[PDB]
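Take a look at the structure set out below.
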4 protein chains.
Amino acid sequence: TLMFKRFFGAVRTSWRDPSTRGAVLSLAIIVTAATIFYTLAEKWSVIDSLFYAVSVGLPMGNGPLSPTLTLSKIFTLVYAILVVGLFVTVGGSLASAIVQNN
Amino acid sequence: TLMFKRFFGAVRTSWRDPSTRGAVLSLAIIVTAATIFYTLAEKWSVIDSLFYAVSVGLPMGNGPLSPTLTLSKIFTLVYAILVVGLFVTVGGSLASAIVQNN
Amino acid sequence: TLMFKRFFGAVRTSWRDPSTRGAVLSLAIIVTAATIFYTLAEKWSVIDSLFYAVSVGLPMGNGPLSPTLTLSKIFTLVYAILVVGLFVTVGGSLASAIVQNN
Amino acid sequence: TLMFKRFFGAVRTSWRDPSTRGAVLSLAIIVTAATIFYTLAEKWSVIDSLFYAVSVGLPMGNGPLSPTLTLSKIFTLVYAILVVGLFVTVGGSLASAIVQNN
Ligand SMILES: CCCCCCCCCCO[C@@H]1O[C@H](CO)[C@@H](O[C@H]2O[C@H](CO)[C@@H](O)[C@H](O)[C@H]2O)[C@H](O)[C@H]1O
Ligand SMILES: CCCCCCCCCCO[C@@H]1O[C@H](CO)[C@@H](O[C@H]2O[C@H](CO)[C@@H](O)[C@H](O)[C@H]2O)[C@H](O)[C@H]1O
Ligand SMILES: [Ca+2]
Ligand SMILES: [Ca+2]
Ligand SMILES: [Ca+2]
């Protein structure tokens, strides 16, 4: 029941481009590296890993999932300061492009 | 006694419009779209279903509530990337409107 | 051992004022209301209430506490949208006032 | 495998300085002061104390951890109003800093 959101959302406002939305490329790489780490450090599934990844850089909220090891705990810190920005402007560009599509 | 807040709040300062507080229009569809999905897919009650919809762009904090299913995990990201922006400019506009209200 | 922060922070950086940090006054008033509601509605203690209040507009996070009543649930939803933007500007002005203190 | 984030990130793009990233200095001192507080009050392991301390500036989300003493509740509000904006301006400068590195 989400075909509306996926297609008329975070694939629709992507095909709307300047140059400082090369930040969505940066986010992809910090998000993917994070997902690769949480799967392997923390033993979680990919979807749970991509959930937690995104959860540390948006107001979303981690569910049960949170790190348990020092290595993942620190990584979350290092990652957390780097992604917080790439999310903030991707959310802003993406938000305007909703109101520009109305 | 929530009256003071609902009435001197999300209704009072909601009626200050430029052209760019049609973000509130964009938001209400997106919060609602999310709430239908959460009620139907996640099985939850309207209030709690809305409570999670509003939680993924705001520093409120989602309840015991977190998505348990994959679609509701996937969807929460796609929705969350888009709304986080829509929540912010609205939130600033309303706050802006409280200060020049006294 | 908070006597450091409270004097060298919360009562330090406020003693610096423009026009727009009348925003502190509105946030002050919003939070006190919110706390009274939670103490009265949600039965929680004055700090537990005051903690949740501040929880909902900044990223910090509420540990155990989440509203259990439909009435307090909506109160947080309405109160959430108002307070968040006031949190931004008071939190931003107050942080710049650290930087102009070093 | 955190090395790629640690070195190709939170030190690699940490060392792009204007005048206005003296906040990173200010961050170090206030994040440190909190961690020392959390280690001492909350009994917690320094890492977990540094996990909570950062959790409250960023969209991270504190693990199972939260202030359970009143003073640590009283401290966290005072410190969250101060440190949030510092995590914001550095969050963007480091964000801008990944994009400028393409
Ligand atoms: C006189 C005014 C003329 C300019 C009109 C306005 C166009 C501005 C271009 C901005 O950048 C564009 O956006 C995409 C990304 O930035 C590129 O897409 C694509 O670019 C390549 C084109 O093949 C593909 O390989 C890539 O996958 C994909 O990013 C595209 O090419 C590139 O130009
Ligand atoms: C009337 C005469 C006035 C004198 C002129 C004053 C302004 C000169 C600006 C020179 O630029 C500098 O370049 C460094 C490159 O980033 C900066 O970081 C430097 O400063 C750090 C602080 O010491 C060093 O530790 C680091 O090595 C180093 O990166 C430094 O802050 C910055 O000022
Ligand atoms: Ca959380
Ligand atoms: Ca939230
Ligand atoms: Ca957080």
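Identifiers for the structure tokens are assigned positionally: chains receive A, B, ... in sequence, residues are indexed from 1 per chain, and ligands are indexed from 1 in the order shown.
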
Exercise for review: With a distance cut-off of 10 Å and only C-alpha atoms, select the neighbouring residues of segment 19-21 of chain D, excluding the residue or stretch itself and same-chain residues fewer than 6 positions from it, and output the selection as number ranges by chain.
Suggested key: C: 96, 99-100; D: 27, 86, 89-90, 93-94

Let's have the selection written as a PDB file, in the first residue's frame, with N, CA, C and O atoms.
ATOM      1  N   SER C  96      25.480  29.958  19.536  1.00  0.00           N
ATOM      2  CA  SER C  96      26.270  31.055  18.971  1.00  0.00           C
ATOM      3  C   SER C  96      26.861  31.947  20.061  1.00  0.00           C
ATOM      4  O   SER C  96      27.963  32.463  19.914  1.00  0.00           O
ATOM      5  N   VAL C  99      29.988  30.470  21.292  1.00  0.00           N
ATOM      6  CA  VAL C  99      31.082  30.686  20.320  1.00  0.00           C
ATOM      7  C   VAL C  99      31.625  32.122  20.421  1.00  0.00           C
ATOM      8  O   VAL C  99      32.824  32.353  20.306  1.00  0.00           O
ATOM      9  N   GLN C 100      30.729  33.070  20.677  1.00  0.00           N
ATOM     10  CA  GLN C 100      31.112  34.448  20.945  1.00  0.00           C
ATOM     11  C   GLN C 100      31.521  34.650  22.420  1.00  0.00           C
ATOM     12  O   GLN C 100      31.627  35.781  22.873  1.00  0.00           O
TER      13      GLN C 100
ATOM     14  N   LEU D  27      32.555  22.167  21.399  1.00  0.00           N
ATOM     15  CA  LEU D  27      31.889  20.855  21.411  1.00  0.00           C
ATOM     16  C   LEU D  27      32.687  19.899  22.270  1.00  0.00           C
ATOM     17  O   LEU D  27      32.141  19.290  23.178  1.00  0.00           O
ATOM     18  N   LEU D  86      25.487  23.471  18.886  1.00  0.00           N
ATOM     19  CA  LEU D  86      26.879  23.146  18.573  1.00  0.00           C
ATOM     20  C   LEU D  86      26.998  21.919  17.670  1.00  0.00           C
ATOM     21  O   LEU D  86      27.802  21.900  16.757  1.00  0.00           O
ATOM     22  N   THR D  89      25.693  23.257  13.955  1.00  0.00           N
ATOM     23  CA  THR D  89      26.600  24.032  13.081  1.00  0.00           C
ATOM     24  C   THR D  89      27.824  23.246  12.598  1.00  0.00           C
ATOM     25  O   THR D  89      28.274  23.445  11.460  1.00  0.00           O
ATOM     26  N   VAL D  90      28.349  22.369  13.462  1.00  0.00           N
ATOM     27  CA  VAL D  90      29.434  21.423  13.103  1.00  0.00           C
ATOM     28  C   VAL D  90      28.900  20.333  12.154  1.00  0.00           C
ATOM     29  O   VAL D  90      29.574  19.958  11.190  1.00  0.00           O
ATOM     30  N   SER D  93      28.861  21.930   8.675  1.00  0.00           N
ATOM     31  CA  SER D  93      30.214  22.193   8.204  1.00  0.00           C
ATOM     32  C   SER D  93      30.946  20.913   7.785  1.00  0.00           C
ATOM     33  O   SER D  93      31.649  20.893   6.772  1.00  0.00           O
ATOM     34  N   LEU D  94      30.776  19.855   8.578  1.00  0.00           N
ATOM     35  CA  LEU D  94      31.265  18.527   8.221  1.00  0.00           C
ATOM     36  C   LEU D  94      30.488  17.939   7.025  1.00  0.00           C
ATOM     37  O   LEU D  94      31.096  17.319   6.149  1.00  0.00           O
TER      38      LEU D  94
END

Review point. What are the residues of chain A that have an atom within 10 Å of an atom of chain C, counting only C-alpha atoms, as a ChimeraX atom specification?
Key: /A:58-59,61

Once you have the residues from the selection above, write them out as an mmCIF file, in the first residue's frame, restricted to N, CA and C atoms.
data_model
loop_
_atom_site.group_PDB
_atom_site.id
_atom_site.type_symbol
_atom_site.label_atom_id
_atom_site.label_comp_id
_atom_site.auth_asym_id
_atom_site.auth_seq_id
_atom_site.Cartn_x
_atom_site.Cartn_y
_atom_site.Cartn_z
ATOM 1 N N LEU A 58 18.188 11.067 11.424
ATOM 2 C CA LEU A 58 16.824 11.633 11.343
ATOM 3 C C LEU A 58 16.087 11.487 12.684
ATOM 4 N N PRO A 59 14.994 12.266 12.908
ATOM 5 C CA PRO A 59 14.225 12.162 14.170
ATOM 6 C C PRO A 59 13.395 10.877 14.332
ATOM 7 N N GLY A 61 13.718 7.543 15.162
ATOM 8 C CA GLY A 61 13.702 6.724 16.361
ATOM 9 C C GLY A 61 13.998 5.246 16.144
#

**Study point:** Test item: residues no farther than 8 Å from ligand 2, counting only C-alpha atoms and all ligand atoms, as a ChimeraX atom specification
**Key:** /D:15-19

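For the atom pair formed by atom CA of residue 7 of chain D and atom 14 (C, counted along the ligand's line) of ligand 1, the distance is 29.0 Å, given to one decimal.
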
Taking the DSSP assignment computed from this structure's backbone, write out as an mmCIF file with N, CA and C atoms, in the first residue's frame all residues of segment 46-99 of chain A that belong to alpha helix (DSSP H).
data_model
loop_
_atom_site.group_PDB
_atom_site.id
_atom_site.type_symbol
_atom_site.label_atom_id
_atom_site.label_comp_id
_atom_site.auth_asym_id
_atom_site.auth_seq_id
_atom_site.Cartn_x
_atom_site.Cartn_y
_atom_site.Cartn_z
ATOM 1 N N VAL A 46 19.749 -6.886 6.940
ATOM 2 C CA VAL A 46 20.004 -5.666 6.098
ATOM 3 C C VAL A 46 18.977 -4.551 6.366
ATOM 4 N N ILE A 47 17.703 -4.933 6.387
ATOM 5 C CA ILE A 47 16.595 -3.996 6.602
ATOM 6 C C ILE A 47 16.667 -3.341 7.993
ATOM 7 N N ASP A 48 16.918 -4.146 9.032
ATOM 8 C CA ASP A 48 17.188 -3.653 10.384
ATOM 9 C C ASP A 48 18.438 -2.768 10.437
ATOM 10 N N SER A 49 19.438 -3.120 9.629
ATOM 11 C CA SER A 49 20.680 -2.356 9.540
ATOM 12 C C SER A 49 20.453 -0.990 8.879
ATOM 13 N N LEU A 50 19.752 -0.974 7.735
ATOM 14 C CA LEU A 50 19.388 0.269 7.026
ATOM 15 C C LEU A 50 18.409 1.117 7.831
ATOM 16 N N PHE A 51 17.525 0.486 8.613
ATOM 17 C CA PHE A 51 16.677 1.189 9.614
ATOM 18 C C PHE A 51 17.504 1.932 10.627
ATOM 19 N N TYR A 52 18.390 1.239 11.350
ATOM 20 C CA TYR A 52 19.256 1.890 12.339
ATOM 21 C C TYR A 52 20.181 2.947 11.771
ATOM 22 N N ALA A 53 20.729 2.696 10.583
ATOM 23 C CA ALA A 53 21.575 3.669 9.879
ATOM 24 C C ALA A 53 20.882 5.012 9.759
ATOM 25 N N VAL A 54 19.691 4.978 9.171
ATOM 26 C CA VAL A 54 18.894 6.170 8.891
ATOM 27 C C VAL A 54 18.389 6.798 10.226
ATOM 28 N N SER A 55 18.170 5.941 11.225
ATOM 29 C CA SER A 55 17.598 6.349 12.508
ATOM 30 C C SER A 55 18.460 7.328 13.318
ATOM 31 N N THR A 70 31.259 -1.921 21.918
ATOM 32 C CA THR A 70 32.029 -0.658 21.954
ATOM 33 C C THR A 70 32.339 -0.177 20.549
ATOM 34 N N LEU A 71 32.729 -1.107 19.685
ATOM 35 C CA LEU A 71 33.082 -0.812 18.309
ATOM 36 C C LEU A 71 31.932 -0.183 17.510
ATOM 37 N N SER A 72 30.726 -0.752 17.642
ATOM 38 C CA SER A 72 29.540 -0.253 16.954
ATOM 39 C C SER A 72 29.032 1.007 17.571
ATOM 40 N N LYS A 73 29.051 1.055 18.912
ATOM 41 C CA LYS A 73 28.768 2.244 19.711
ATOM 42 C C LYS A 73 29.625 3.449 19.313
ATOM 43 N N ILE A 74 30.953 3.313 19.281
ATOM 44 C CA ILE A 74 31.806 4.415 18.791
ATOM 45 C C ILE A 74 31.558 4.760 17.305
ATOM 46 N N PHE A 75 31.314 3.747 16.465
ATOM 47 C CA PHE A 75 31.173 3.945 15.011
ATOM 48 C C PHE A 75 29.969 4.803 14.757
ATOM 49 N N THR A 76 28.908 4.497 15.507
ATOM 50 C CA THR A 76 27.650 5.247 15.507
ATOM 51 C C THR A 76 27.914 6.693 15.821
ATOM 52 N N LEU A 77 28.822 6.987 16.762
ATOM 53 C CA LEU A 77 29.234 8.368 17.078
ATOM 54 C C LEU A 77 29.926 9.116 15.912
ATOM 55 N N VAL A 78 30.921 8.461 15.322
ATOM 56 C CA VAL A 78 31.729 8.985 14.224
ATOM 57 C C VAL A 78 30.836 9.189 12.990
ATOM 58 N N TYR A 79 30.052 8.151 12.659
ATOM 59 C CA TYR A 79 29.070 8.165 11.593
ATOM 60 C C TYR A 79 27.960 9.212 11.821
ATOM 61 N N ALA A 80 27.489 9.316 13.062
ATOM 62 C CA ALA A 80 26.413 10.190 13.470
ATOM 63 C C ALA A 80 26.618 11.675 13.219
ATOM 64 N N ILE A 81 27.848 12.146 13.379
ATOM 65 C CA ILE A 81 28.183 13.544 13.092
ATOM 66 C C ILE A 81 28.324 13.827 11.561
ATOM 67 N N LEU A 82 28.737 12.803 10.805
ATOM 68 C CA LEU A 82 28.950 12.928 9.365
ATOM 69 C C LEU A 82 27.667 12.867 8.571
ATOM 70 N N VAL A 83 26.739 12.030 9.015
ATOM 71 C CA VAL A 83 25.474 11.884 8.294
ATOM 72 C C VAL A 83 24.415 12.951 8.645
ATOM 73 N N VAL A 84 24.466 13.473 9.868
ATOM 74 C CA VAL A 84 23.457 14.402 10.342
ATOM 75 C C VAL A 84 23.187 15.533 9.337
ATOM 76 N N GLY A 85 24.249 15.969 8.647
ATOM 77 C CA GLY A 85 24.169 17.052 7.670
ATOM 78 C C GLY A 85 23.579 16.638 6.334
ATOM 79 N N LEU A 86 24.165 15.586 5.750
ATOM 80 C CA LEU A 86 23.720 15.015 4.454
ATOM 81 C C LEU A 86 22.257 14.661 4.463
ATOM 82 N N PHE A 87 21.750 14.187 5.606
ATOM 83 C CA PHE A 87 20.307 14.063 5.799
ATOM 84 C C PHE A 87 19.586 15.430 5.807
ATOM 85 N N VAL A 88 20.086 16.404 6.589
ATOM 86 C CA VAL A 88 19.390 17.685 6.805
ATOM 87 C C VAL A 88 19.114 18.431 5.507
ATOM 88 N N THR A 89 20.095 18.455 4.607
ATOM 89 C CA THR A 89 19.902 19.152 3.333
ATOM 90 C C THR A 89 19.163 18.272 2.341
ATOM 91 N N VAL A 90 19.281 16.944 2.469
ATOM 92 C CA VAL A 90 18.517 16.062 1.549
ATOM 93 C C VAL A 90 17.012 16.144 1.879
ATOM 94 N N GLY A 91 16.707 16.262 3.170
ATOM 95 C CA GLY A 91 15.351 16.530 3.669
ATOM 96 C C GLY A 91 14.755 17.867 3.280
ATOM 97 N N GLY A 92 15.586 18.905 3.254
ATOM 98 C CA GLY A 92 15.189 20.260 2.821
ATOM 99 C C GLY A 92 14.949 20.434 1.330
ATOM 100 N N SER A 93 15.907 19.985 0.506
ATOM 101 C CA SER A 93 15.784 19.910 -0.967
ATOM 102 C C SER A 93 14.591 19.075 -1.383
ATOM 103 N N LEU A 94 14.445 17.922 -0.718
ATOM 104 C CA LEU A 94 13.361 16.982 -0.950
ATOM 105 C C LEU A 94 12.014 17.550 -0.523
ATOM 106 N N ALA A 95 11.999 18.312 0.571
ATOM 107 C CA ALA A 95 10.768 18.974 1.054
ATOM 108 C C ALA A 95 10.240 20.095 0.154
ATOM 109 N N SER A 96 11.137 20.983 -0.296
ATOM 110 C CA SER A 96 10.796 22.046 -1.254
ATOM 111 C C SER A 96 10.241 21.474 -2.554
ATOM 112 N N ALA A 97 10.869 20.396 -3.028
ATOM 113 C CA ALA A 97 10.492 19.730 -4.271
ATOM 114 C C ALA A 97 9.119 19.034 -4.222
ATOM 115 N N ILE A 98 8.573 18.891 -3.008
ATOM 116 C CA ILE A 98 7.182 18.476 -2.794
ATOM 117 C C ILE A 98 6.240 19.662 -3.052
ATOM 118 N N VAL A 99 6.576 20.833 -2.498
ATOM 119 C CA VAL A 99 5.753 22.050 -2.627
ATOM 120 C C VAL A 99 5.872 22.657 -4.038
#

Study note, to complete from the structure: One decimal place gives the atom CA of residue 102 of chain C-atom CA of residue 22 of chain D separation as 8.2 Å

Closest atom pairs, residues of chain D within 8 Å of ligand 3, only C-alpha atoms and all ligand atoms, as CSV:
residue,atom,partner,partner_atom_place_in_ligand_line,distance
D:60,CA,ligand 3,1 (Ca),7.5
D:61,CA,ligand 3,1 (Ca),4.4
D:62,CA,ligand 3,1 (Ca),6.4
D:63,CA,ligand 3,1 (Ca),7.8

Include C-alpha atoms and write out the residues we just selected as an mmCIF file, in the first residue's frame.
data_model
loop_
_atom_site.group_PDB
_atom_site.id
_atom_site.type_symbol
_atom_site.label_atom_id
_atom_site.label_comp_id
_atom_site.auth_asym_id
_atom_site.auth_seq_id
_atom_site.Cartn_x
_atom_site.Cartn_y
_atom_site.Cartn_z
ATOM 1 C CA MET D 60 21.056 9.138 17.134
ATOM 2 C CA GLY D 61 18.827 7.792 19.912
ATOM 3 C CA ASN D 62 20.111 6.682 23.309
ATOM 4 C CA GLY D 63 20.348 2.924 23.690
#

Point to revise | One-decimal distance in Å that lies between atom CA of residue 101 of chain A and atom CA of residue 31 of chain B | key: 17.3 Å
